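Participant: Residue numbers (PDB author numbering), protein chains in the order written: chain A, 2404 to 2410, 2420 to 2451; chain B, 2212 to 2355; chain C, 2212 to 2410, 2420 to 2451.
For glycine and all other residues, C-beta sits at the position ideal for the given N, C-alpha and C.
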Amino acid sequence: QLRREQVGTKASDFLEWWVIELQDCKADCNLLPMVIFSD
Amino acid sequence: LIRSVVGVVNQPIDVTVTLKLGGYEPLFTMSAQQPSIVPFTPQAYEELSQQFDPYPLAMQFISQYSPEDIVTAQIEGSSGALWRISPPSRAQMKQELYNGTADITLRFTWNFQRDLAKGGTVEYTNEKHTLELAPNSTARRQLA
Amino acid sequence: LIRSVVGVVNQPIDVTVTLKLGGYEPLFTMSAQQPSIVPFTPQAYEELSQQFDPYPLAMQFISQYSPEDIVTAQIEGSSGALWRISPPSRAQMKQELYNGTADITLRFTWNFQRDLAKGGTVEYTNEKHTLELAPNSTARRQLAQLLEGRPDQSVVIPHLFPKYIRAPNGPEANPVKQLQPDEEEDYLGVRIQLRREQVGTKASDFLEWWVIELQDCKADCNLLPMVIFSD
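So, in structure tokens, the structure goes:
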């Protein structure tokens, strides 16, 4: 997700960030998993 | 008996991961700590034994480690910040993605940092991963 | 005579400290350098010998080191930045603090980095410190009055901040149990400012940061002190 938010001049009045997710998010558009293997 | 003693586990307390599209700014970034790290329960160790049955390399991979040698990082889907960036630089990356007739890279960079009192004489283990997008490609058009 | 030679002091050039309330964003952060570090004068070494007289562990702690093995970090009370944060994430932490019926942690994380040409085979010495707040507690209610978007309030801090930190010859910094013998209550008190500034949509038109201070600031709402003990 691009996320602009109205508060480029107009594109600065919009304020944006990025949201990551899965191809089909269930709740991982909030919290994606990944598993790692320490040593 | 000096090469035998081993088993002090190094559960990494630190995960930092950023998606950096272009050299202008890392677009997505986040880090997380042990609230967003799951130490495995041995039930979930048996689960990770289960779901990947007929693959032998995966079988020895699961049976290699201890139960508590593997952890599960969670990463926040939303940003922990803004895309704090100069709008001239957004304009230049925008106009390159319009008509800059060359390639563009994406670095997905996972990154980890362990603890230090556990031992380990190197701390910041990671690697990048590169995806390459053509001048005016399909995913480039989605970004457009 | 190979285990005898010692005395090359490692005065740490780097202090980085952040207050991270919640997993959403570290609210307060700062670092400082040698303008905001005070190398002791031996007059102040005798002073630190003086003010903590009848405590024997503190007495051996002061008499252990050299005069120039201890330094005093200053930390800016105001922010060095903004609370740069997504207003959805501010809304989710706000609504958790409203009605998310679980606990919430605060990490005060002091952190240090020494120099490298002085020696020392480990560099980033630190430790966190956790304060736990209940679902809808009293300090949580002070934060609830903070997060409403109103330009008046303040906070009460149940003693997170230590003042004297042993900077070891190892990987993990730890406070002094000798000059401060009480391990949760000897550690001093903080107070905070939310600072919004008109330029949530209106809450984005207001622009906010955090300002740290003492329970009763005299000038340390600009510059709080803390004293650390290199090795």
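Using a threshold of 8 Å, state whether the C-beta atoms of residue 2446 of chain C and residue 2376 of chain C are closer than that.
Facilitator: It is a contact, given that the beta carbons lie within the stated cut-off.
Participant: Alpha carbon to alpha carbon, how far is residue 2339 of chain B from residue 2319 of chain B?
Facilitator: Answer to the nearest angstrom: the Cα atoms are 6 Å apart.
Participant: Roughly how many whole angstroms lie between the Cα atoms of residue 2299 of chain B and residue 2329 of chain C?
Facilitator: Their Cα atoms are separated by approximately 43 Å.
Participant: Could you tell me whether any non-hydrogen atom of the ligand COA is closer than 7 Å to the CB of residue 2338 of chain B?
Facilitator: This structure simply doesn't include the ligand COA, nor any ligand for that matter.
Participant: Taking residue 2258 of chain C as part of the beta strand (DSSP E), name the residues at either end of that continuous run.
Facilitator: Counting along the chain, residue 2258 of chain C falls outside any beta strand (DSSP E), though it belongs to the alpha helix (DSSP H) covering 2253–2261.
Participant: Assign residue 2406 of chain A to one of three DSSP states: helix, strand, or coil.
Facilitator: Strand.
Participant: Scan the region 2255–2304 of chain B and note each continuous alpha helix (DSSP H) run of 4 residues or more that stays entirely inside, going in chain order.
Facilitator: Those alpha helix (DSSP H) runs which fall completely within the region 2255–2304 of chain B and span 4+ residues are 2267–2275.
Participant: Looking at residue 2236 of chain C: is its Cβ nearer than 8 Å to the Cβ of residue 2294 of chain C?
Facilitator: Yes, the pair counts as a contact, with Cβ atoms nearer than the cut-off.
Participant: To the nearest angstrom, report how far apart residue 2441 of chain C and residue 2257 of chain B are at their CA atoms.
Facilitator: Each residue's alpha carbon lies about 54 Å from the other.
Participant: Tell me whether the region 2254–2269 of chain C and the region 2383–2392 of chain C touch, counting them as touching only if at least three CB pairs, one residue from each stretch, are closer than 8 Å.
Facilitator: The region 2254–2269 of chain C, when compared against the region 2383–2392 of chain C, does touch it at the 8 Å Cβ threshold.
Participant: For the region 2218–2229 of chain B, list every residue whose C-beta sits within 9 Å of some C-beta in chain A, in sequence order.
Facilitator: Correct list: 2220, 2221, 2222, 2223, 2226, 2228.
Participant: Counting only Cβ pairs nearer than 7 Å, list the residues of chain B close to residue 2410 of chain C.
Facilitator: Within 7 Å Cβ-Cβ: nothing; residue 2410 of chain C doesn't reach chain B, min ~15 Å.
Participant: With 16 as the cutoff for other CB atoms within 10 Å, does residue 2384 of chain C come out buried or exposed?
Facilitator: Looking at its Cβ environment, which holds 16 or more other Cβ atoms inside 10 Å, residue 2384 of chain C is buried.
Participant: Start and end of the alpha helix (DSSP H) containing residue 2353 of chain C?
Facilitator: Where residue 2353 of chain C is concerned, the enclosing alpha helix (DSSP H) stretches over 2349–2357.
Participant: So what does DSSP say about residue 2314 of chain C, is it helix, strand or coil?
Facilitator: DSSP places residue 2314 of chain C in coil when its eight states are reduced to three.
Participant: Count the other C-beta atoms from every protein chain shown that fall within 10 angstroms of the C-beta of residue 2342 of chain B, then say buried if there are 16 or more, exposed otherwise.
Facilitator: Exposed is the call here.
Participant: Return the Cβ separation of residue 2273 of chain B and residue 2260 of chain B in integer angstroms, given the expectation that the two are a contact with Cβ distance under 8 Å.
Facilitator: Residue 2273 of chain B to residue 2260 of chain B, Cβ: 5 Å. Contact.
Participant: Return helix, strand or coil for residue 2235 of chain C, following the three-state DSSP convention.
Facilitator: Three-state DSSP puts residue 2235 of chain C in coil, outside helix and strand.
Participant: Determine, using beta carbons only, whether residue 2308 of chain B comes closer than 8 Å to chain A.
Facilitator: Chain A contact via Cβ: absent.
Participant: Nearest by alpha-carbon distance to residue 2424 of chain A: which of C:2435, C:2448, C:2216, C:2425 is it?
Facilitator: The shortest Cα separation from residue 2424 of chain A among C:2435, C:2448, C:2216, C:2425 belongs to C:2425.
Participant: Residues of chain A with a CB under 8 Å from the CB of residue 2421 of chain C: which are they?
Facilitator: Result: 2408, 2409, 2410.
Participant: Flag residue 2299 of chain C as yes if its beta-carbon sits less than 8 Å from any beta-carbon of chain B, otherwise no.
Facilitator: At least one chain B Cβ lies under 8 Å of residue 2299 of chain C.
Participant: Take residue 2408 of chain A and list the residues in its own chain whose beta-carbon comes closer than 8 Å to its own, dropping the five residues that flank it on each side.
Facilitator: Excluding residues within five positions, the ones whose Cβ falls inside 8 Å are 2426, 2427, 2428.
Participant: Output yes if chain B places a C-beta closer than 8 Å to the C-beta of residue 2425 of chain A; else output no.
Facilitator: Cβ-Cβ to chain B under 8 Å: no for residue 2425 of chain A.
Participant: Could you give the distance in angstroms between the alpha-carbon of residue 2279 of chain B and the alpha-carbon of residue 2331 of chain B?
Facilitator: Their backbone Cα atoms lie some 17 Å apart in a straight line.
Participant: Return helix, strand or coil for residue 2324 of chain B, following the three-state DSSP convention.
Facilitator: Three-state result, residue 2324 of chain B: strand.
Participant: Could you check whether the Cβ of residue 2436 of chain A sits closer than 8 Å to any Cβ belonging to chain B?
Facilitator: No, residue 2436 of chain A does not count as interfacial toward chain B.
Participant: Report buried or exposed for residue 2288 of chain C, applying the criterion of at least 16 other Cβ atoms within 10 angstroms of its Cβ.
Facilitator: Burial call: buried.
Participant: Helix, strand or coil: which one does DSSP assign to residue 2424 of chain C?
Facilitator: Here residue 2424 of chain C sits in helix by DSSP.
Participant: Is residue 2371 of chain C helix, strand or coil by DSSP?
Facilitator: Residue state, collapsed to three classes: coil.
Participant: Does the separation of the CB atoms of residue 2432 of chain A and residue 2239 of chain B fall below 8 Å?
Facilitator: Yes, Cβ-Cβ distance for residue 2432 of chain A and residue 2239 of chain B is below 8 Å.
Participant: Check whether the Cβ of residue 2325 of chain B lies closer than 8 Å to any Cβ atom in chain C.
Facilitator: It does not: the Cβ of residue 2325 of chain B has no partner Cβ on chain C nearer than 8 Å.
Participant: Suppose you measure from the CA of residue 2305 of chain B to the CA of residue 2315 of chain B; what does that come to, to the nearest Å?
Facilitator: In a straight line, the C-alpha of residue 2305 of chain B is about 12 Å away from that of residue 2315 of chain B.
Participant: Near residue 2312 of chain C, which residues of its chain fall below 6 Å by C-beta distance, leaving aside the five closest residues on each side in sequence?
Facilitator: For residue 2312 of chain C, where only same-chain residues beyond five positions count, the Cβ hits under 6 Å are 2346.
Participant: Counting only Cβ-Cβ distances shorter than 8 Å, please list the residues of the region 2269–2296 of chain C near chain B, keeping chain order.
Facilitator: Residues passing the 8 Å Cβ filter: 2295, 2296.
Participant: Report all residues from its chain with a CB closer than 8 Å to the CB of residue 2219 of chain B; omit the five preceding and five following residues, and keep chain order.
Facilitator: So the qualifying residues of the chain are 2329, 2330.
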